[PDB]
Amino acid sequence: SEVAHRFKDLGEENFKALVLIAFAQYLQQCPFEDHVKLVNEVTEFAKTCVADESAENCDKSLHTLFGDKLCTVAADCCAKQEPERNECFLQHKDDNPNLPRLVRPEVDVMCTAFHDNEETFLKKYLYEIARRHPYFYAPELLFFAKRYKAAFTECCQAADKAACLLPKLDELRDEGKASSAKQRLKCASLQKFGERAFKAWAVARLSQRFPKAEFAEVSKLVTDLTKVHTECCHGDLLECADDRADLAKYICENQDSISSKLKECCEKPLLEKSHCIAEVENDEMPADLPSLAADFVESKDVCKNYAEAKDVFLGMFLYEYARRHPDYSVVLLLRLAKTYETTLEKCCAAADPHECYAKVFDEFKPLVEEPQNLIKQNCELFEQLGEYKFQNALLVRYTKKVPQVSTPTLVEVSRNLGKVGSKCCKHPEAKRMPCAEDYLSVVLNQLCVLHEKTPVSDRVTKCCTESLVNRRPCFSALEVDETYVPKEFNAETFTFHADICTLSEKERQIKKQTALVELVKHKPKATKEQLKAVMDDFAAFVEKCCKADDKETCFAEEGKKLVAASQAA
Ligand SMILES: CCCc1oc(CCC(=O)O)c(C(=O)O)c1C
Ligand SMILES: CCCc1oc(CCC(=O)O)c(C(=O)O)c1C
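Numbering (the entry's author numbering), first residue to last: 5 to 78, 88 to 582.
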């Protein structure tokens, strides 16, 4: 029995949680009650299996069972069988489910609901997160849940909870979104590009983090990590969590052979141990390391070694280059590796290979400078404009690049891209590139998966599917879509009401940014000069109307003077 297997390994508490997440992720629209129902029914069945490992259908695979249990509450998907049936669900996951925004009751109600029923208050948290983020890294969701519990458990018995809980909950919402985004990139890499693409990413990333580890060690770590994510991304949450535990054990047992910063991590609870290991900083770089040119460009055996085991050889190149460049972003290292490979492919087919591939490092110089100049520029701009204005600048840029993309996606993607400014610019040159460019890769992947749902721009498609590692350079190279036909104004789109006054300070900027997008789509060829001079107007329209006697009509009146002056510029 497979269910029995995993149950013992995970226990009843984790087993129940993971199954709840699996269900909320497949059928995101179904109510909490129903999932809870199916979870218990499934959990009890598991209990009978532990005992009689041949009872009902304890012989079956998790998918069969899980699928049949969901099919008692959903249709075409359920008509199919085994493989096809499961693939069906995976394809129907919704990255942008039409779910009501989630509002949180006053501190008092929460603590009551938490204290009264603790298991229920937590199961609902997992449910509400899993259904909105169909790809959240399961094992990590269990880690946030405990952290969530610790928040209430501590803050509800204090002097002023509002002050103690609200903050800690915000820190959790944000970090939970970042995590969700990082994991969405991992699944997309695996699902749209193949495991080879993910392995390459892992080697480079783990080699930067574990500089002292041996190639054969990193390779072992990479092979295992790949399996973990291959399972979590395919919906095999139980085995994923299981496998992820093993990997954490291994790493801790063999610390000395991997990194010296793993100590603090291995001295804590499972869930906290895994999370800690995944986020540990880079170990110090080994002292006396030879020059890369030695074994990779000067040696005359290059082509022979490349021919013998193209995969191991390139893998070794990446590890060697990555380990000594924690200052480079993972995508840049992958671009370098791609450049080196392309060179051996053509060069090793020449008369004198050596001569041909002798200057490959001169091919790197341009690739290393592009990212550095981009970062240097944009951080200088960020420092001058501040976050809000920087996001506006990016908003104008991206809309002009890909005007067809829906206004909600553009606004979300641009705001996020703009956060790269606060998140990375404060770091010194040395750590800026990994921070900025790898973060940009997560954000642009967001754009790509949201866009794939309803394609409207061949330019977004091409840049999203051509190369995983070149996405950022592809997007940056775009300027203005010259074939784009300007949109025609819509009264409703630019009519500001008094309801924007109740909305939070941020919910306002968001509205103004939404208006800026619509503007740009209407006047692509407009300049940043006019745009600014118009934005400041909208600001005025809010302050007036919002504080001017009983006026819900000012919105139509003040809005009239607005559009009038807006149609003029
Ligand atoms: C095996 C090395 C430690 C490690 O690293 C990662 C990826 C973190 C990242 O993406 O940078 C994980 C994980 O995904 O669970 C673990 C465990
Ligand atoms: C901090 C980096 C974020 C960033 O900055 C730019 C402006 C580049 C330029 O000045 O051309 C882009 C982009 O064009 O896509 C991105 C992404």
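For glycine and all other residues, C-beta sits at the position ideal for the given N, C-alpha and C.
Euclidean distance between Cα positions of residue i and residue j
i	j	result
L345	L275	26 Å
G572	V498	26 Å
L575	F554	7 Å
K212	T236	7 Å
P303	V462	42 Å
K162	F134	9 Å
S5	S58	7 Å
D308	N99	47 Å
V473	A176	43 Å
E184	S192	12 Å
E383	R485	11 Å
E321	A362	15 Å
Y150	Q204	15 Å
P299	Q385	25 Å
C477	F206	11 Å
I290	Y140	26 Å
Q397	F27	47 Å
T496	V469	13 Å
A561	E518	19 Å
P441	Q390	14 Å
Distance cut-off 7 Å: residue i Cβ against heavy atoms of ligand 1
i	result
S287	yes
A291	yes
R218	yes
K212	no
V344	no
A261	yes
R257	yes
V456	no
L284	no
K195	yes
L203	no
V241	yes
Pair within 8 Å by beta-carbon distance, residue i and residue j
i	j	result
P421	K534	no
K351	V482	yes
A254	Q459	no
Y332	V216	yes
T412	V530	yes
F165	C124	yes
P366	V325	no
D89	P147	no
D296	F395	no
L407	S427	yes
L284	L155	yes
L69	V54	no
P110	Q29	no
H67	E48	no
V409	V310	no
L327	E292	no
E230	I271	yes
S342	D494	no
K93	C101	yes
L380	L347	no
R144	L112	yes
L453	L423	no
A50	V122	no
Spatial neighbours of residue i in its chain, beta-carbon cut-off 6 Å, leaving aside the 5 residues before and after
i	result
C514	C559
Residues of its chain near residue i, where Cβ-Cβ distance is below 7 Å and the 5 sequence neighbours each way are ignored
i	result
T540	none
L182	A164
residue 87	Placed between 78 and 88 in the numbering, residue 87 has no coordinates, as the chain goes from one to the other without interruption by modelled residues.
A449	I388, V433, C437
Cβ neighbours of residue i in the same chain (closer than 8 Å, five flanking residues each side left out)
i	result
residue 79	Coordinates for residue 79 are simply not present: the residues of the chain run from 78 and resume at 88.
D550	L575, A578, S579
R445	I388, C392, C437, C438
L238	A215, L219, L260
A511	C558, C559, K564, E565, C567, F568
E208	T239, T243
Residue i CB to nearest heavy atom of ligand 2 below 7 Å
i	result
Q94	no
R410	yes
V433	yes
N483	no
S470	no
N391	yes
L453	yes
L398	no
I523	no
Heavy atom of ligand 3 within 7 Å of residue i beta-carbon
i	result
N295	This structure lacks ligand 3; the ligands present are ligand 1 and ligand 2.
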